[PDB]
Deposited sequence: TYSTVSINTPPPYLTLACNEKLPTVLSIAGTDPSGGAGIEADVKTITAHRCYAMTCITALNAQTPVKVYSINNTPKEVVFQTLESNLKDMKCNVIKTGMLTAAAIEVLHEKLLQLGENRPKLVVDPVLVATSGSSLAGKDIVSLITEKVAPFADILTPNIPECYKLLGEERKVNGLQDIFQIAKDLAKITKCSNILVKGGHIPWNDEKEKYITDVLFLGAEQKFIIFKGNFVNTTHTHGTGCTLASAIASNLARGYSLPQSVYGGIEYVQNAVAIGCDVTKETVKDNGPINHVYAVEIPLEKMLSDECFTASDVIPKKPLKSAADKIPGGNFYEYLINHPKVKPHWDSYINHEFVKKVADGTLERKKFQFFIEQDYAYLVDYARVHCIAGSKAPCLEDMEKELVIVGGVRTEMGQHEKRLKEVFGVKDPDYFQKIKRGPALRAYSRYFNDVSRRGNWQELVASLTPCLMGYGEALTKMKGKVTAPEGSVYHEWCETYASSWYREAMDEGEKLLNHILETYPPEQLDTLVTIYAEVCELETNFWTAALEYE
């Protein structure tokens, strides 16, 4: 026979911005059917930025990360009508350009003159190197641009001369020379040797962007996507330096994460435009008002994690850290330990936020109450740290504890636990919290004992705290929870739980290595 399914209303928070005045970006570019570069990468990025995309195809190409198979310039007449009608009926905050033909330049220039002061912002990305085409961009398009984004090879072609890569001052001059020839005040030069230079003509300012050296072949389409990200942010109303920063980071994340989308025959690749996008169906099926789903659709986990190749070297460096050794035999300097508890103090507020989320995700209210006890005691834990820094260390002013600077290892630790708790599920949070419990315990179980620090001291206190039978009992409850999530969690997603366990171990070693290296 049949079944009847009821379609749900939209998420209530998303219904607050009905008839949204979305920022609009028109891309005037060539195609990359493979979806890596070109007008489709433009639309992907524009979509990924919560902006509305429009197109003006300048050339209909057969393209792949492997090679450019063929190029077919779209006839002037077609380009003209496409741009004309789009602008006659659609809002347009920014126009961004990629691949531009002589006919496309002839059409766009004509429209930029007709529009005058009513013209939208213009992001020009040079797409050259397979003579007059360089001249046409410089003479006809670049004077209207709010920013140009060439790389160094593209710079050499634009000014018809080779320069050098000696230092920053080299790029500085090239950028300034570009502003004079193109009649465009703002210019972003790209060079992974990763360094990006933004020149701001009117204010005669330079902003240098230091990125991350990612060793990957998969950098196809980065140029198209940076220009589209800048254009997207500019359309939203962000400042040029804000939008350029936003663009660079977004591309660099898309590269950093990456995707497996090509056949092994290719072996260069596209980037991950879609790393921040959530899967619609995943929230739709788990929705509270999903009515209904009547038609649609050995042995212990702990020791497995410990002995997994991905976590092994990070776990080993964790439980066998020199910090524990130097504390046991009193070798660790007074100030080194001062940094440790000074840094732990700095985290305690963020620590409390984590466990609030842990309480809210707990499978039963009994487990919630346990998590709110931890949060309820952070107050006194903060005070106990202050009393230790006053009585056993320097009590220079009461305002000392407000002025503590977060270290790199602490910063990375905090960001990681904030991200997993905000973005992940209950078992993913547990997987991240487990190394913190188990790692400390067995680090000092190994250190029993072996305890050379005089009884009654802070060194002695700290060691004995994690070596008591009471802590080992909490460890036993921890080990059980991991084994309980085995029967609750799909085996396909098991590797992610391994990776996060591994990453927390590394972060814990990093937190400890920072304290044994402090001044």
| item | value |
| --- | --- |
| Missing CA stretches, deposited numbering from 1, N-terminus first | 131 to 138, 202 to 211, 286, 317 to 328 |
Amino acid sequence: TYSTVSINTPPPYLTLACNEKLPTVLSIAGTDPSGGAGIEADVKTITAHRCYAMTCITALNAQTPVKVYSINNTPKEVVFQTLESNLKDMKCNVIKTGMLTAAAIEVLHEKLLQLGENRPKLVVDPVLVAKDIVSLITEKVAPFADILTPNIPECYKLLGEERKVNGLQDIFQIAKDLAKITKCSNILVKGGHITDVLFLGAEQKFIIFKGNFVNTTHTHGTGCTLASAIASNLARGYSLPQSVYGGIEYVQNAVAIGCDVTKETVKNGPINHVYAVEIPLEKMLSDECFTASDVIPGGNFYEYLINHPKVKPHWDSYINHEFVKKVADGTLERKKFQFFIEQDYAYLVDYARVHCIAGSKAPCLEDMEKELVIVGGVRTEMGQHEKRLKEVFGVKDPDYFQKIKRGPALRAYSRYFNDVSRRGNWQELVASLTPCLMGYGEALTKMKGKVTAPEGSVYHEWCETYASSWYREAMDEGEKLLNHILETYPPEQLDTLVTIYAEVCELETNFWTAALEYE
From here on, numbers count along this sequence of modelled residues.
item: Of 491 to 499 and 21 to 29, the one with larger mean CA B-factor; value: 491 to 499
item: Segment of higher mean CA temperature factor, 171 to 179 or 95 to 103; value: 171 to 179
item: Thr222, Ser286, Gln402, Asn418, ranked by C-alpha B-factor: the highest one; value: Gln402
item: Residue, from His273, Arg353, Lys326, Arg422, that the PDB entry assigns the highest Cα B-factor; value: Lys326
item: Lowest, middle or highest third - CA B-factor, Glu40; value: lowest
item: Chain thirds of CA B-factor: placement of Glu278; value: lowest
item: Record-listed C-alpha B factor of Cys463: chain third; value: highest
item: Where the record places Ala256 (Cα B-factor, split into thirds across the chain); value: lowest
item: Cα B factor band for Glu203 (lowest, middle or highest third within the chain); value: highest
